[PDB]
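Asker: For reference, this is final.pdb, and it has PDB, C-alpha atoms (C1' of nucleotides).
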```pdb
ATOM      1  CA  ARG I   1     -52.910-188.332 -32.547
ATOM      2  CA  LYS I   2     -50.408-186.995 -29.966
ATOM      3  CA  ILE I   3     -52.679-188.767 -27.398
ATOM      4  CA  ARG I   4     -50.262-191.667 -26.695
ATOM      5  CA  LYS I   5     -48.510-189.852 -23.809
ATOM      6  CA  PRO I   6     -50.681-186.952 -22.313
ATOM      7  CA  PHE I   7     -54.393-186.580 -21.481
ATOM      8  CA  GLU I   8     -57.326-184.506 -22.981
ATOM      9  CA  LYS I   9     -57.081-181.392 -25.237
ATOM     10  CA  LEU I  10     -54.402-178.832 -24.195
ATOM     11  CA  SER I  11     -52.486-175.764 -25.551
ATOM     12  CA  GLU I  12     -49.677-175.860 -28.170
ATOM     13  CA  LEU I  13     -46.766-176.553 -25.787
ATOM     14  CA  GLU I  14     -47.870-179.976 -24.423
ATOM     15  CA  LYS I  15     -48.434-181.604 -27.861
ATOM     16  CA  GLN I  16     -44.801-181.036 -28.939
ATOM     17  CA  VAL I  17     -43.600-182.457 -25.596
ATOM     18  CA  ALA I  18     -45.889-185.483 -26.226
ATOM     19  CA  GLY I  19     -43.999-185.993 -29.527
ATOM     20  CA  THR I  20     -40.614-186.123 -27.746
ATOM     21  CA  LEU I  21     -42.103-188.766 -25.407
ATOM     22  CA  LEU I  22     -43.388-190.847 -28.429
ATOM     23  CA  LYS I  23     -39.845-191.018 -29.925
ATOM     24  CA  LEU I  24     -38.416-191.332 -26.375
ATOM     25  CA  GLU I  25     -39.666-194.942 -25.985
ATOM     26  CA  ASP I  26     -38.402-195.626 -29.535
ATOM     27  CA  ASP I  27     -34.887-194.309 -28.634
ATOM     28  CA  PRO I  28     -33.435-196.890 -26.091
ATOM     29  CA  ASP I  29     -31.054-194.292 -24.592
ATOM     30  CA  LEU I  30     -31.103-195.720 -20.982
ATOM     31  CA  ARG I  31     -34.894-195.084 -20.924
ATOM     32  CA  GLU I  32     -36.003-198.639 -21.802
ATOM     33  CA  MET I  33     -37.030-199.308 -18.163
ATOM     34  CA  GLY I  34     -40.742-198.535 -17.567
ATOM     35  CA  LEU I  35     -41.200-196.579 -20.815
ATOM     36  CA  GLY I  36     -43.358-198.131 -23.543
ATOM     37  CA  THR I  37     -46.774-197.376 -22.044
ATOM     38  CA  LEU I  38     -45.730-194.691 -19.454
ATOM     39  CA  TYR I  39     -48.170-191.708 -19.762
ATOM     40  CA  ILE I  40     -48.179-188.011 -18.533
ATOM     41  CA  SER I  41     -50.950-185.573 -17.463
ATOM     42  CA  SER I  42     -50.087-181.834 -17.673
ATOM     43  CA  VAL I  43     -47.256-179.295 -18.316
ATOM     44  CA  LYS I  44     -46.756-175.948 -16.480
ATOM     45  CA  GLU I  45     -45.180-173.156 -18.617
ATOM     46  CA  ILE I  46     -43.514-171.074 -15.851
ATOM     47  CA  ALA I  47     -41.314-168.057 -16.651
ATOM     48  CA  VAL I  48     -38.413-168.613 -14.229
ATOM     49  CA  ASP I  49     -36.700-165.348 -13.135
ATOM     50  CA  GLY I  50     -34.097-164.400 -15.780
ATOM     51  CA  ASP I  51     -33.196-168.028 -16.661
ATOM     52  CA  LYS I  52     -34.529-169.785 -19.817
ATOM     53  CA  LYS I  53     -38.235-170.377 -18.929
ATOM     54  CA  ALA I  54     -38.403-173.884 -17.349
ATOM     55  CA  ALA I  55     -41.588-175.872 -17.839
ATOM     56  CA  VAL I  56     -42.887-178.520 -15.393
ATOM     57  CA  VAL I  57     -44.297-181.924 -16.506
ATOM     58  CA  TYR I  58     -46.938-183.185 -14.075
ATOM     59  CA  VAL I  59     -46.669-187.033 -14.175
ATOM     60  CA  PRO I  60     -49.431-189.301 -12.575
ATOM     61  CA  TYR I  61     -48.438-190.216  -8.965
ATOM     62  CA  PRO I  62     -48.782-194.055  -9.411
ATOM     63  CA  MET I  63     -46.342-193.859 -12.402
ATOM     64  CA  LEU I  64     -44.015-191.220 -10.884
ATOM     65  CA  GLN I  65     -41.257-193.454  -9.405
ATOM     66  CA  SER I  66     -41.015-195.773 -12.454
ATOM     67  CA  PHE I  67     -40.862-192.658 -14.735
ATOM     68  CA  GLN I  68     -38.023-191.102 -12.741
ATOM     69  CA  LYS I  69     -35.986-194.341 -12.531
ATOM     70  CA  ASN I  70     -33.314-192.590 -14.634
ATOM     71  CA  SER I  71     -34.618-188.982 -14.310
ATOM     72  CA  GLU I  72     -31.517-187.604 -16.075
ATOM     73  CA  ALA I  73     -32.448-189.403 -19.297
ATOM     74  CA  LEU I  74     -35.848-187.652 -19.416
ATOM     75  CA  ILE I  75     -34.556-184.105 -18.789
ATOM     76  CA  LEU I  76     -31.557-184.138 -21.186
ATOM     77  CA  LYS I  77     -33.539-185.767 -24.065
ATOM     78  CA  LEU I  78     -36.438-183.348 -23.506
ATOM     79  CA  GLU I  79     -34.150-180.286 -23.634
ATOM     80  CA  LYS I  80     -32.461-181.356 -26.916
ATOM     81  CA  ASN I  81     -35.869-181.969 -28.604
ATOM     82  CA  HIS I  82     -37.415-178.658 -27.336
ATOM     83  CA  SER I  83     -34.596-176.200 -26.523
ATOM     84  CA  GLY I  84     -35.389-173.131 -24.351
ATOM     85  CA  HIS I  85     -37.004-175.038 -21.405
ATOM     86  CA  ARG I  86     -35.347-176.863 -18.438
ATOM     87  CA  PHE I  87     -38.136-179.459 -17.840
ATOM     88  CA  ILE I  88     -38.902-180.654 -14.246
ATOM     89  CA  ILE I  89     -40.963-183.794 -13.383
ATOM     90  CA  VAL I  90     -43.601-183.386 -10.592
ATOM     91  CA  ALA I  91     -46.155-185.988  -9.410
ATOM     92  CA  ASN I  92     -49.670-184.493  -9.446
ATOM     93  CA  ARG I  93     -50.208-185.243  -5.696
ATOM     94  CA  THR I  94     -53.286-183.436  -4.249
ATOM     95  CA  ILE I  95     -53.794-181.551  -0.941
ATOM     96  CA  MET I  96     -57.094-182.612   0.688
ATOM     97  CA  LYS I  97     -58.672-179.747   2.705
ATOM     98  CA  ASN I  98     -60.493-180.535   6.028
ATOM     99  CA  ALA I  99     -58.514-182.870   8.359
ATOM    100  CA  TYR I 100     -61.820-184.568   9.255
ATOM    101  CA  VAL I 101     -64.903-184.407   6.963
ATOM    102  CA  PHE I 102     -68.122-184.929   8.991
ATOM    103  CA  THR I 103     -70.981-186.740   7.171
ATOM    104  CA  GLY I 104     -72.871-186.707  10.483
ATOM    105  CA  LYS I 105     -72.853-190.490  10.700
ATOM    106  CA  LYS I 106     -69.026-190.632  10.551
ATOM    107  CA  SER I 107     -65.968-188.374  10.231
ATOM    108  CA  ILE I 108     -64.232-189.745   7.104
ATOM    109  CA  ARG I 109     -60.914-187.913   7.957
ATOM    110  CA  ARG I 110     -58.008-187.017   5.616
ATOM    111  CA  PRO I 111     -54.854-189.104   5.013
ATOM    112  CA  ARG I 112     -51.554-187.465   6.106
ATOM    113  CA  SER I 113     -49.954-187.277   2.620
ATOM    114  CA  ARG I 114     -52.989-185.251   1.431
ATOM    115  CA  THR I 115     -52.110-182.130   3.561
ATOM    116  CA  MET I 116     -50.310-178.902   2.520
ATOM    117  CA  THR I 117     -47.291-179.514   4.798
ATOM    118  CA  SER I 118     -46.848-183.124   3.524
ATOM    119  CA  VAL I 119     -47.491-182.148  -0.107
ATOM    120  CA  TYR I 120     -45.058-179.215  -0.196
ATOM    121  CA  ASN I 121     -42.087-181.230   1.111
ATOM    122  CA  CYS I 122     -42.791-183.959  -1.467
ATOM    123  CA  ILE I 123     -42.846-181.229  -4.213
ATOM    124  CA  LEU I 124     -39.253-180.170  -3.389
ATOM    125  CA  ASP I 125     -38.104-183.780  -3.769
ATOM    126  CA  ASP I 126     -39.593-183.948  -7.313
ATOM    127  CA  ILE I 127     -37.746-180.671  -8.237
ATOM    128  CA  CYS I 128     -34.482-182.469  -7.345
ATOM    129  CA  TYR I 129     -35.241-186.216  -7.608
ATOM    130  CA  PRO I 130     -31.538-187.233  -8.064
ATOM    131  CA  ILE I 131     -30.220-184.950  -5.261
ATOM    132  CA  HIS I 132     -31.527-185.593  -1.710
ATOM    133  CA  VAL I 133     -31.917-182.448   0.424
ATOM    134  CA  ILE I 134     -29.227-182.300   3.190
ATOM    135  CA  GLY I 135     -31.402-179.878   5.225
ATOM    136  CA  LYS I 136     -34.154-177.249   4.901
ATOM    137  CA  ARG I 137     -33.591-174.310   7.328
ATOM    138  CA  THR I 138     -36.313-171.633   7.144
ATOM    139  CA  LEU I 139     -35.266-167.997   7.539
ATOM    140  CA  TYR I 140     -38.087-165.703   8.705
ATOM    141  CA  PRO I 141     -36.065-162.484   8.281
ATOM    142  CA  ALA I 142     -36.358-159.254  10.301
ATOM    143  CA  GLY I 143     -38.432-157.411   7.644
ATOM    144  CA  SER I 144     -40.966-160.332   7.187
ATOM    145  CA  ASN I 145     -41.588-162.572   4.076
ATOM    146  CA  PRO I 146     -40.218-165.987   5.244
ATOM    147  CA  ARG I 147     -37.677-167.522   2.781
ATOM    148  CA  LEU I 148     -37.123-171.320   2.649
ATOM    149  CA  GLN I 149     -33.423-172.249   2.427
ATOM    150  CA  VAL I 150     -32.420-175.680   1.009
ATOM    151  CA  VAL I 151     -28.972-177.185   1.787
ATOM    152  CA  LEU I 152     -27.604-179.818  -0.633
ATOM    153  CA  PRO I 153     -24.137-181.630  -0.855
ATOM    154  CA  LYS I 154     -21.247-179.577  -2.336
ATOM    155  CA  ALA I 155     -20.358-182.649  -4.507
ATOM    156  CA  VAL I 156     -23.506-182.088  -6.638
ATOM    157  CA  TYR I 157     -23.219-178.258  -6.332
ATOM    158  CA  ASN I 158     -21.238-177.677  -9.547
ATOM    159  CA  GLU I 159     -23.896-179.500 -11.629
ATOM    160  CA  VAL I 160     -26.976-177.933  -9.994
ATOM    161  CA  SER I 161     -25.386-174.457  -9.693
ATOM    162  CA  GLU I 162     -26.970-173.590 -13.077
ATOM    163  CA  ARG I 163     -30.217-175.530 -12.489
ATOM    164  CA  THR I 164     -30.944-173.984  -9.049
ATOM    165  CA  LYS I 165     -32.450-170.794 -10.617
ATOM    166  CA  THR I 166     -35.116-172.792 -12.548
ATOM    167  CA  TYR I 167     -35.750-174.927  -9.436
ATOM    168  CA  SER I 168     -36.223-172.006  -6.991
ATOM    169  CA  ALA I 169     -38.501-170.052  -9.365
ATOM    170  CA  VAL I 170     -40.633-173.128 -10.195
ATOM    171  CA  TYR I 171     -40.995-173.933  -6.481
ATOM    172  CA  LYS I 172     -42.090-170.295  -5.995
ATOM    173  CA  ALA I 173     -44.886-171.112  -8.470
ATOM    174  CA  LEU I 174     -45.832-174.407  -6.745
ATOM    175  CA  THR I 175     -45.388-172.972  -3.197
ATOM    176  CA  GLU I 176     -45.922-169.289  -2.135
ATOM    177  CA  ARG I 177     -42.675-169.383  -0.055
ATOM    178  CA  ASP I 178     -39.654-167.491  -1.470
ATOM    179  CA  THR I 179     -37.471-170.628  -1.581
ATOM    180  CA  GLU I 180     -33.684-170.033  -1.984
ATOM    181  CA  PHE I 181     -30.838-172.596  -2.221
ATOM    182  CA  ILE I 182     -27.349-172.903  -0.613
ATOM    183  CA  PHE I 183     -24.652-175.633  -0.562
ATOM    184  CA  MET I 184     -22.409-177.246   2.134
TER     185      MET I 184
ATOM    186  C1'   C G   1     -80.229-158.807  38.323
ATOM    187  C1'   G G   2     -73.035-162.270  37.149
ATOM    188  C1'   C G   3     -77.368-164.919  33.558
ATOM    189  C1'   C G   4     -72.720-170.897  33.651
ATOM    190  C1'   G G   5     -79.857-171.001  30.444
ATOM    191  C1'   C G   6     -80.790-169.321  25.279
ATOM    192  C1'   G G   7     -79.782-166.858  20.051
ATOM    193  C1'   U G   8     -76.295-165.633  16.246
ATOM    194  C1'   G G   9     -71.170-165.032  14.790
ATOM    195  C1'   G G  10     -66.041-166.255  15.275
ATOM    196  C1'   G G  11     -62.924-170.358  15.623
ATOM    197  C1'   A G  12     -56.918-168.934  17.412
ATOM    198  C1'   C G  13     -56.236-171.750  21.701
ATOM    199  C1'   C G  14     -58.264-176.169  23.902
ATOM    200  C1'   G G  15     -59.453-181.176  23.726
ATOM    201  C1'   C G  16     -61.553-184.658  20.790
ATOM    202  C1'   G G  17     -63.794-187.982  15.776
ATOM    203  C1'   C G  18     -63.138-196.405  15.209
ATOM    204  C1'   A G  19     -65.723-196.816  10.521
ATOM    205  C1'   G G  20     -63.230-195.820   3.020
ATOM    206  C1'   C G  21     -65.212-192.639  -0.461
ATOM    207  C1'   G G  22     -67.573-191.154  -5.220
ATOM    208  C1'   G G  23     -70.995-192.404  -9.372
ATOM    209  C1'   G G  24     -75.681-194.265 -11.134
ATOM    210  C1'   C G  25     -80.272-196.311 -10.241
ATOM    211  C1'   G G  26     -83.599-191.761  -8.516
ATOM    212  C1'   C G  27     -88.764-188.021  -7.477
ATOM    213  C1'   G G  28     -87.832-194.381  -4.541
ATOM    214  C1'   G G  29     -96.514-192.652  -1.932
ATOM    215  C1'   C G  30     -96.670-184.055  -3.531
ATOM    216  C1'   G G  31     -89.204-182.935  -2.831
ATOM    217  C1'   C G  32     -85.397-185.200  -0.302
ATOM    218  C1'   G G  33     -82.193-188.023   2.444
ATOM    219  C1'   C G  34     -82.456-192.864   3.408
ATOM    220  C1'   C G  35     -82.117-197.663   2.586
ATOM    221  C1'   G G  36     -80.406-200.768  -0.585
ATOM    222  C1'   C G  37     -78.191-202.736  -5.237
ATOM    223  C1'   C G  38     -74.205-202.833  -9.376
ATOM    224  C1'   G G  39     -67.584-202.622  -9.920
ATOM    225  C1'   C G  40     -69.689-199.260 -11.807
ATOM    226  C1'   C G  41     -63.738-197.073 -13.493
ATOM    227  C1'   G G  42     -64.112-191.700 -11.300
ATOM    228  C1'   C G  43     -59.601-191.761  -5.509
ATOM    229  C1'   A G  44     -52.189-190.543  -5.834
ATOM    230  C1'   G G  45     -58.322-194.732  -2.334
ATOM    231  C1'   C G  46     -56.362-195.854   3.121
ATOM    232  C1'   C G  47     -48.808-194.713   7.127
ATOM    233  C1'   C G  48     -47.132-187.299   9.650
ATOM    234  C1'   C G  49     -42.705-187.976  11.456
ATOM    235  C1'   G G  50     -39.539-190.553  14.481
ATOM    236  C1'   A G  51     -39.083-186.091  21.543
ATOM    237  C1'   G G  52     -31.208-184.435  24.559
ATOM    238  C1'   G G  53     -39.991-188.044  26.637
ATOM    239  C1'   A G  54     -40.563-193.196  27.892
ATOM    240  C1'   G G  55     -40.258-198.460  27.762
ATOM    241  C1'   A G  56     -37.853-202.729  24.882
ATOM    242  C1'   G G  57     -33.221-204.718  22.375
ATOM    243  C1'   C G  58     -28.049-205.963  21.337
ATOM    244  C1'   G G  59     -22.955-204.993  22.477
ATOM    245  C1'   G G  60     -18.909-203.474  25.809
ATOM    246  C1'   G G  61     -16.677-202.654  30.117
ATOM    247  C1'   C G  62     -18.473-201.002  35.602
ATOM    248  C1'   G G  63     -19.065-201.133  40.950
ATOM    249  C1'   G G  64     -17.879-202.368  49.775
ATOM    250  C1'   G G  65     -25.230-203.153  45.134
ATOM    251  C1'   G G  66     -28.362-208.030  46.885
ATOM    252  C1'   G G  67     -28.832-213.102  48.255
ATOM    253  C1'   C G  68     -26.674-217.982  49.163
ATOM    254  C1'   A G  69     -23.056-221.549  50.340
ATOM    255  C1'   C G  70     -17.857-222.139  51.503
ATOM    256  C1'   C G  71     -13.711-220.298  53.855
ATOM    257  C1'   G G  72      -9.080-217.860  55.868
ATOM    258  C1'   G G  73      -6.486-214.645  59.339
ATOM    259  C1'   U G  74      -4.728-212.564  63.722
ATOM    260  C1'   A G  75      -6.752-210.441  68.094
ATOM    261  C1'   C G  76      -9.755-210.800  72.727
ATOM    262  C1'   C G  77     -11.431-214.360  76.140
ATOM    263  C1'   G G  78     -11.204-219.233  78.393
ATOM    264  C1'   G G  79      -8.667-224.382  79.302
ATOM    265  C1'   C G  80      -3.846-226.613  79.354
ATOM    266  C1'   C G  81       2.199-228.237  79.099
TER     267        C G  81
END
```
Using structure tokens, write down the structure from this file.

Answerer:
Amino acid sequence: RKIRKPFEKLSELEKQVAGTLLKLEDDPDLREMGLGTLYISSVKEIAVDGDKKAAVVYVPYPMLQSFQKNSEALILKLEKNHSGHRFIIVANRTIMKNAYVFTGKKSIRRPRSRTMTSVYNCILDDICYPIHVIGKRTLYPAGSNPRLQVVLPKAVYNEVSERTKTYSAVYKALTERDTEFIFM
RNA sequence: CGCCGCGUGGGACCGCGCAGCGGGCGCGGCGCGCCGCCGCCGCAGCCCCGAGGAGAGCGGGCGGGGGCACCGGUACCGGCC
């Protein structure tokens, strides 16, 4: 019964992560808030560039903000329990296709947050929930292949210098764009 | 035969869509949709952003800008000693 945190039947990786989450409520290491009946949905095993492969943990969108109240406590604990992976929390928000859906009688329409442009920007924020993006210039270079550039404060740069490689490669998985990062 | 007709395709550009969905019942009078009815537990259910557009606000100075009342100063002209 590893069913207390995730959902359904999955591959080997998620069950071990579910175990860390079961002890995680038991350990009150700054994670008491929200945890106790906080549940997850899926994990993405993504091989990130040359860095240790960083896996993603899709967390249900209603329970995303409460889960990430102290996001640091989730990532550090997770790494110690399952070394080799820099885990990243992402809400499973969904893009709805068709801005208006016509049933003939009425056009039901799509909400704004369910669109690719709205979803992608919200994905970057989950990759760096503690650090707010200073700016997101896009470089469409001379030889084609647009690359997203993200600017963050230099104060947090020393910490996220190491974790930028896992973040850029995972966002390449979530979004086709060749995202790259820079600091002020 | 200019054909603003029609048929099929495309859907960038161009405008334009207020209403919640979805499941089941269900083969609703040869198949279906209606049309209901039940929270029925399946939806991240339901907000682009915030124009060196625009209106509104507060603050702080700005000016022979407008009105209205009051008024002072010589000068010109007139009447005096």

Asker: Can I get the residues of chain I within 6 Å of chain G, each with the closest pair of atoms and their distance in Å to one decimal, using all atoms listed in the file, sorted chain first then ascending number, as JSON lines?

Answerer:
```
{"residue": "I:61", "atom": "CA", "partner": "G:44", "partner_atom": "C1'", "distance": 4.9}
{"residue": "I:93", "atom": "CA", "partner": "G:44", "partner_atom": "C1'", "distance": 5.7}
{"residue": "I:107", "atom": "CA", "partner": "G:17", "partner_atom": "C1'", "distance": 6.0}
{"residue": "I:112", "atom": "CA", "partner": "G:48", "partner_atom": "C1'", "distance": 5.7}
```

Asker: Within 12 Å of (-34.4, -182.8, -5.8) (file coordinates; all atoms listed in the file), which protein or nucleic acid residues are there? I'd like them as a PyMOL selection string.

Answerer: chain I and resi 68+71-72+88-90+121-135+150-153+156+160+163-164+167-168+171+181

Asker: What is the CA of residue 77 in chain I to CA of residue 47 in chain I distance in Å?

Answerer: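 We find that CA of residue 77 in chain I and CA of residue 47 in chain I lie 20.7 Å from each other.
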
Asker: Could you state which residues are captured by the PyMOL selection byres ((chain I and resi 49-52) around 9) in this file, as a list in words?

Answerer: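 Selected by the PyMOL selection byres ((chain I and resi 49-52) around 9) here: residues 47, 48, 53, 54, 84, 85, 86, 165, 166 and 169 of chain I.
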
Asker: Would you write out those residues with C-alpha atoms, as a compact mmCIF listing (two decimals), keeping the file's coordinate frame?

Answerer:
```txt
# COMPACT_ATOMS: atom_id res chain seq x y z
CA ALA I 47 -41.31 -168.06 -16.65
CA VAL I 48 -38.41 -168.61 -14.23
CA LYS I 53 -38.24 -170.38 -18.93
CA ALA I 54 -38.40 -173.88 -17.35
CA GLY I 84 -35.39 -173.13 -24.35
CA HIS I 85 -37.00 -175.04 -21.40
CA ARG I 86 -35.35 -176.86 -18.44
CA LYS I 165 -32.45 -170.79 -10.62
CA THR I 166 -35.12 -172.79 -12.55
CA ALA I 169 -38.50 -170.05 -9.36
```

Asker: When you draw a straight line from CA of residue 12 in chain I to CA of residue 41 in chain I, how long is it in Å?

Answerer: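 Calculated distance between CA of residue 12 in chain I and CA of residue 41 in chain I is 14.5 Å.
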
Asker: Select, from I:64, I:78, I:99, I:170, the residue with the minimum atom-to-atom distance to residue 22 in chain I, counting all atoms listed in the file.

Answerer: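 The shortest atom-to-atom distance to residue 22 in chain I comes from I:78.
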
Asker: Could you pull out every residue with an atom within 12 Å of (-63.1, -197.7, -10.0), file coordinates, counting only C-alpha atoms (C1' of nucleotides), and send them as a PyMOL selection string?

Answerer: chain G and resi 21-23+39-43+45

Asker: Report as a ChimeraX atom specification all protein, DNA and RNA residues lying within 9 Å of residue 120 in chain I, evaluated on only C-alpha atoms (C1' of nucleotides), omitting residues in the same chain fewer than 5 positions from it.

Answerer: /I:115,174-175

Asker: Between CA of residue 178 in chain I and CA of residue 142 in chain I, what is the distance, to one decimal in Å?

Answerer: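 Interatomic distance here is 14.7 Å.
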
Asker: Write out N, CA and C atoms for range 164-183 of chain I, as a tab-separated table (two decimals), in the coordinates of the input.

Answerer:
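Result file is result_39.tsv:
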```tsv
chain	number	residue	atom	x	y	z
I	164	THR	N	-30.21	-174.47	-10.25
I	164	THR	CA	-30.94	-173.98	-9.05
I	164	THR	C	-31.91	-172.84	-9.36
I	165	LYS	N	-31.60	-171.99	-10.35
I	165	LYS	CA	-32.45	-170.79	-10.62
I	165	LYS	C	-33.82	-171.23	-11.15
I	166	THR	N	-33.84	-172.24	-12.03
I	166	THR	CA	-35.12	-172.79	-12.55
I	166	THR	C	-35.85	-173.53	-11.43
I	167	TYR	N	-35.10	-174.10	-10.48
I	167	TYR	CA	-35.75	-174.93	-9.44
I	167	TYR	C	-36.39	-173.99	-8.41
I	168	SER	N	-35.68	-172.93	-8.02
I	168	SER	CA	-36.22	-172.01	-6.99
I	168	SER	C	-37.44	-171.26	-7.52
I	169	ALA	N	-37.37	-170.79	-8.76
I	169	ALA	CA	-38.50	-170.05	-9.36
I	169	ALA	C	-39.71	-170.97	-9.58
I	170	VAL	N	-39.48	-172.20	-10.03
I	170	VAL	CA	-40.63	-173.13	-10.20
I	170	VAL	C	-41.21	-173.47	-8.83
I	171	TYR	N	-40.40	-173.53	-7.77
I	171	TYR	CA	-41.00	-173.93	-6.48
I	171	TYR	C	-41.74	-172.71	-5.97
I	172	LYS	N	-41.31	-171.51	-6.34
I	172	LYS	CA	-42.09	-170.30	-6.00
I	172	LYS	C	-43.47	-170.38	-6.65
I	173	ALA	N	-43.56	-170.93	-7.85
I	173	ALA	CA	-44.89	-171.11	-8.47
I	173	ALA	C	-45.69	-172.13	-7.67
I	174	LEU	N	-45.11	-173.31	-7.44
I	174	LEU	CA	-45.83	-174.41	-6.74
I	174	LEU	C	-46.12	-174.04	-5.28
I	175	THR	N	-45.19	-173.35	-4.62
I	175	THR	CA	-45.39	-172.97	-3.20
I	175	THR	C	-45.16	-171.46	-3.05
I	176	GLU	N	-46.02	-170.77	-2.30
I	176	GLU	CA	-45.92	-169.29	-2.13
I	176	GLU	C	-44.57	-168.89	-1.55
I	177	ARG	N	-43.93	-169.75	-0.76
I	177	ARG	CA	-42.68	-169.38	-0.06
I	177	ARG	C	-41.59	-168.95	-1.03
I	178	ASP	N	-40.79	-167.96	-0.63
I	178	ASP	CA	-39.65	-167.49	-1.47
I	178	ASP	C	-38.48	-168.43	-1.22
I	179	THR	N	-38.54	-169.63	-1.78
I	179	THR	CA	-37.47	-170.63	-1.58
I	179	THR	C	-36.14	-170.14	-2.17
I	180	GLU	N	-35.03	-170.38	-1.48
I	180	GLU	CA	-33.68	-170.03	-1.98
I	180	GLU	C	-32.79	-171.24	-1.69
I	181	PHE	N	-31.66	-171.37	-2.37
I	181	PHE	CA	-30.84	-172.60	-2.22
I	181	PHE	C	-29.40	-172.24	-1.83
I	182	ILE	N	-28.76	-173.12	-1.07
I	182	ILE	CA	-27.35	-172.90	-0.61
I	182	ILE	C	-26.66	-174.27	-0.59
I	183	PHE	N	-25.33	-174.32	-0.50
I	183	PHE	CA	-24.65	-175.63	-0.56
I	183	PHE	C	-23.66	-175.77	0.60
```
